[PDB]
Every structure is written in C-alpha cells, then in structure tokens.
Amino acid sequence: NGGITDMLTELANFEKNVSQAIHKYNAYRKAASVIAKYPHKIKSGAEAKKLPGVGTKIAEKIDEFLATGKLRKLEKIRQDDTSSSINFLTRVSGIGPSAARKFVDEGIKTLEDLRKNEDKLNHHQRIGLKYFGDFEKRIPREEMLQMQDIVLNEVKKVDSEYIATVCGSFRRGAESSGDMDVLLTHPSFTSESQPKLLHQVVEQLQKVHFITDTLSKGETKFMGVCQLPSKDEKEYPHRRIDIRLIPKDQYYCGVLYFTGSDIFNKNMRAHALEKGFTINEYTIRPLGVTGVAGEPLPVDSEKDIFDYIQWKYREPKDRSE
DNA sequence: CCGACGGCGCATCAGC
DNA sequence: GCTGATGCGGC
DNA sequence: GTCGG
Ligand code: NA
Ligand code: NA
C-alpha cells in the first residue's frame, strides 16, 4: 500500500512542520504504521477504518486516493511555495517548524538562501546545513562496527573503568543505522554522586579527529558529529553521534530503553504493568494497591530488568516485538 | 462531547 | 545579571 | 485526527 502510506506520511509532515499540530502529525503516523504492516492491498477506505488509528477522515482520503491516485489537498499543498518551503527547510537539523516559518517569512526558502544567510543561523543550524546530505544518508553496519571500534578503544584509553555500550537498532543487529547512540557510565557516578566525566571522553575522541563538530554538550549529554578516517579512497560521510553519561545504577535501564525498539517497549511496559510494575528509562518501580509506586528496585545488568516482570531474557537480536 | 495525545538536556530567547 | 519559557532533537 | 471516558 505504498501509495497510501506515502500519502499519509506526506500529510504527517505538513501537520508537524507547516500547521504545527503535533498531535495530527502522530495521528497520521500511527495510521501509516498500522497500514504499513497490514498484509493486503487495501481495496476501500471502509476496509482500512477497521485498523486502529484509521478513523473517518483518513477513510475518505483512502477512498479519494484509490479512485483518483491523488489527494486534492495534497497536490494543492505541494505546489504552495510558502508551505512546501517551510516543510523542506525543517529537514536541516536544528531548523524546526518555528524557525523554518520565520525564514520563509523573510524570503529564505532554499539551502542556497540559508548559505547566503549564515549570520541568521545559530551554531546547530550551520552544522545541519553543512552536513545536510550526509545527515540524510544511512550507515552500514560495517561502518558502525568500524565506529564502535574507535569509541570503545578510546573510552577504555581515557579510563579502563568506564563502560560504553552502543545501543539503538544497531545493537539489535540492524543492517544499517541512522546515527550512533552511545551510553556511557562509570563507577564513580551514581544517582548520589566529576563534571569531567563526559568532557574527558569527548576531549579524547576529538584528539583523534573522530568527533568533528559539536551540536551541543553538557555534563550528561553530548550531541555532535563524527567521521571514520578515510581509508587514497573517497572519504566517509559525516555522521550523527550522541553520547550520554548515565549514573552507574540507571545504566542498564538506559541500555534497555535506548535499545528499543518502540513496538518492544510498549509490550514490555504493558507486561510490566500486568505483573504490576512501571518501567521507565531510569528505573523500575513496584506500584502500590491504589497506584502509588515506592522504591526503584536496583538493576545491575540487562538480566535483572526481566526477572522483576517475570520474563525470559530476549536477545537484542530479536527485540522488534 | 471533549481532553489526551511525553520527558528531558541543552542552547537560546523573553522578561524582570 | 538572573530565572523561567520556548525550540529542538528524537527517544 | 483518532480514541475513549
Ligand atoms: Na526534521
Ligand atoms: Na530540522
């Protein structure tokens, strides 16, 4: 049904980027999604409305797509110079809906236009602009392994006692990634515990020209850009990388959460509820009889998390659902 | 019929 | 100058 | 825009 899920996703983005209606953005995603995983060529909009998250207005949109191969509102909005430009510019990392709009108000509508107006961009947006196309490229697993090597090596070299895990879908065995998400902890850093801990790891990864730019950086979260060293060969794209410092006693919660997937964490947070628990990125708590959660139970490996909700450890390899 | 639809870090703005 | 709000990213 | 209370 690619005709329909593209439509729905195209519609999704205009809501986010142009109407600034976050909830309609998601409404449309949920429907793309449910339809994307639905094992039949959809014959009518009535057929589709059965699926949860497909309601009346989308049902009519299907019906118009199916009969005519388009949507009047969609064609119409694609040709709108203002709107289609506001939508496009938000593709630059650091330009969201508010800033894309303000730009288009003053005539800034293309990358070119941003290029001639560097002075009206903030740090984040220059970097987004500069790597506009690298940022939209995927990363092969191979390159990810090559990147993992560099990070794990360099972290251990700052302090042998650090623990770093690369999570995301890559940890789940995914053939390609969108960025690198690194979770970093250290025994001297607990919920009750230097401002140097994240800084020293970033410092090292810059020293060896692995980290090339900085989107933002604090005591507990770094977001920026990285690049494998070029092998006589054509150089590697610049890649998004984030790095987070988590307290040693919340790491394995972090690791699980930042491993996903979504569809996984839903079921697990709905099973945790069944066997009576509440499980966030930081902690698991045992809810009371009215619904008053008490003490976050300790966690010391990915293993634990499962014992507490009574489950057989699922390997990251198959955590799609 | 009408409110929920998520939280949090950091950079940067708006208000005192 | 300080605090708190808002934009953003993207889980 | 959809759902559900
Ligand atoms: Na975007
Ligand atoms: Na953007």
Side-chain angles (χ1 to χ4, degrees), chain A residues 7-17 19-35 45 48-62 71 73-74 86 89-103 120-129 131 135-136 166-172 177-184 195 198-199 202 213-225 240-247 250 253-262 264-265 268-269 278 280-283 319:
Chain A
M7 148 169 135
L8 290 182
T9 294
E10 220 181 304
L11 288 174
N13 297 317
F14 293 91
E15 300 293 358
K16 181 164 48 70
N17 307 316
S19 322
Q20 308 198 182
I22 192 59
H23 308 295
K24 299 153 98 188
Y25 158 76
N26 292 316
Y28 278 119
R29 264 167 95 195
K30 220 219 145 185
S33 189
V34 66
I35 282 161
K49 196 206 167 303
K50 300 187 184 171
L51 304 192
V54 171
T56 303
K57 303 229 213 182
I58 291 154
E60 304 174 34
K61 289 174 165 92
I62 281 136
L71 267 179
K73 300 201 209 219
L74 195 36
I86 304 195
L89 293 186
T90 71
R91 283 166 61 187
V92 180
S93 165
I95 303 180
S98 164
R101 166 161 306 252
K102 278 191 61 283
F103 280 148
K120 279 166 175 216
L121 273 40
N122 60 31
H123 193 73
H124 188 131
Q125 300 162 328
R126 288 158 201 176
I127 301 303
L129 164 50
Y131 299 120
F135 290 174
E136 284 182 358
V166 178
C167 306
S169 76
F170 161 90
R171 176 156 194 268
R172 290 194 321 264
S177 289
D179 59 359
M180 172 154 272
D181 187 324
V182 187
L183 280 71
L184 175 84
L198 184 46
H199 170 82
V202 175
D213 308 69
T214 289
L215 294 169
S216 53
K217 170 169 135 45
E219 282 189 316
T220 70
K221 172 167 208 198
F222 163 91
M223 324 201 27
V225 191
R240 281 287 289 104
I241 181 162
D242 310 331
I243 302 177
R244 349 168 167 261
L245 182 74
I246 306 173
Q250 282 170 260
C253 275
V255 159
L256 189 102
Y257 177 85
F258 289 109
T259 299
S261 69
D262 283 349
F264 183 72
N265 284 326
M268 201 175 162
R269 198 166 296 110
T278 182
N280 54 30
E281 84 155 70
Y282 310 105
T283 46
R319 279 187 208 169

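Every chain is numbered from 1, with letters handed out A, B, ... down the list of sequences.
Counting only heavy atoms from C-beta outward, the side chains of A:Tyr28 and A:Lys61 approach each other to under 4.5 Å.
As rounded to the nearest Å, C:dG10 and B:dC5 have P atoms that lie 24 Å from one another. Taking the P atoms as reference points, B:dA4 lies 27 Å from C:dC11, given to the whole Å. Going from the P atom of D:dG4 to that of B:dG6 covers 15 Å, rounded to whole Å. For the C1' atoms, the distance linking B:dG7 with C:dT6 amounts to 15 Å, nearest Å.
When each of A:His23 and A:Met223 is assigned the nucleotide of DNA chain B bearing its nearest heavy atom, the one mapping closer to the 5' terminus is A:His23.
Here D:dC3 is the nucleotide among D:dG1, C:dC8, D:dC3 with the atom lying nearest to any side-chain atom of A:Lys49. Each of C:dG9, B:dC5, D:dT2 was ranked by its minimum atom distance to the side chain of A:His124; first place goes to C:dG9. Closest contact between the side chain of A:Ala27 and the listed nucleotides B:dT12, D:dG1, C:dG9 involves D:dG1. Of the candidates B:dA11, C:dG9, D:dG1, the closest approach to any side-chain atom of A:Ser216 belongs to B:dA11. For A:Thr220, whose side chain is taken as the heavy atoms from C-beta onward, the closest listed nucleotide among D:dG1, C:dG7, B:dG9 is B:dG9. Distances were taken from every side-chain heavy atom of A:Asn122 (C-beta onward) to each of B:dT12, D:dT2, C:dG9; the shortest belongs to B:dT12.
Put simply, CZ on A:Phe258 is 10 Å from P on B:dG9, counting in whole angstrom units. Summarising the geometry, the separation between CZ on A:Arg91 and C1' on C:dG9 is reported as 17 Å, rounded to the nearest angstrom. The CD1 atom of A:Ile246 sits 12 Å away from the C1' atom of C:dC11 (whole-angstrom rounding). If you measure from atom CG of A:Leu129 to atom P of C:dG9, you get 14 Å, rounded to the nearest angstrom. Atom CZ in A:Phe222 sits about 14 Å away from atom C1' in B:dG9, given to the nearest Å. Taking atom NZ of A:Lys120 as the reference point, atom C1' of B:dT12 lies 18 Å away to the nearest angstrom. Residue A:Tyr282 contributes atom OH, which lies 6 Å from atom P of B:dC8 at whole-angstrom precision. Spacing between atom CZ of A:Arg29 and atom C1' of B:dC5 amounts to 12 Å, rounded to whole angstrom units.
When heavy atoms are screened at a 4.0 angstrom cut-off, A:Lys57 is found touching the sugar-phosphate backbone but no base atom. Backbone-only contact: A:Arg240 has heavy atoms under 4.0 Å from sugar-phosphate atoms and none from a base. At a threshold of 4.0 angstrom between heavy atoms, the contacts of A:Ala31 with the nucleic acid are absent. Nucleic acid contact for A:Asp179: sugar-phosphate only, since backbone atoms but no base atoms lie under 4.0 Å from a heavy atom of the residue. Among the protein residues, A:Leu51 comes within range of the sugar-phosphate backbone only, with heavy atoms under 4.0 Å from sugar or phosphate atoms but none that close to a base. Among the protein residues, A:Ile22 comes within range of no part of the nucleic acid, since none of its heavy atoms lies under 4.0 Å from any strand. Residue contacts for A:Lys61: at a heavy-atom cut-off of 4.0 Å it reaches the sugar-phosphate backbone alone, with no base atom in range. Residue A:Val92 is in sugar-phosphate contact alone, with no base atom involved, counting any heavy-atom pair closer than 4.0 Å across all strands shown.
Within the shown strands, nothing qualifies as a pairing partner of B:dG7 under the Watson-Crick or G-U definition with both distances less than 3.5 Å.
For A:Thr259 against A:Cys167, the heavy-atom pair with the smallest separation is OG1-CB, 3.9 Å.
Taken together, D:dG5 and C:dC8 do not constitute a Watson-Crick or G-U wobble pair, since the relevant N/O distances do not both lie under 3.5 Å.
In terms of modelled atom types and a separation under 3.5 Å, the side chain of A:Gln125 and the main chain of A:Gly94 share a donor-acceptor contact.
Between A:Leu89 atom CG and A:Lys102 atom NZ the span is 11.5 Å, to the nearest 0.5 Å. Taking CZ of A:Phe103 as the reference point, atom NZ of A:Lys120 lies at 8.5 Å (rounded to 0.5 Å). To the nearest 0.5 Å, atoms CD1 (A:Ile246) and CZ (A:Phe258) are separated by 6.0 Å. Distance CZ/A:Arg171 to OG/A:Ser177: 13.0 Å, rounded to 0.5 Å.
Of the side-chain N and O atoms in A:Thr56, none sit less than 4.0 angstrom from OP1 or OP2 of D:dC3. Under 4.0 angstrom from either OP1 or OP2 of B:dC10 there lies no side-chain N or O belonging to A:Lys221.
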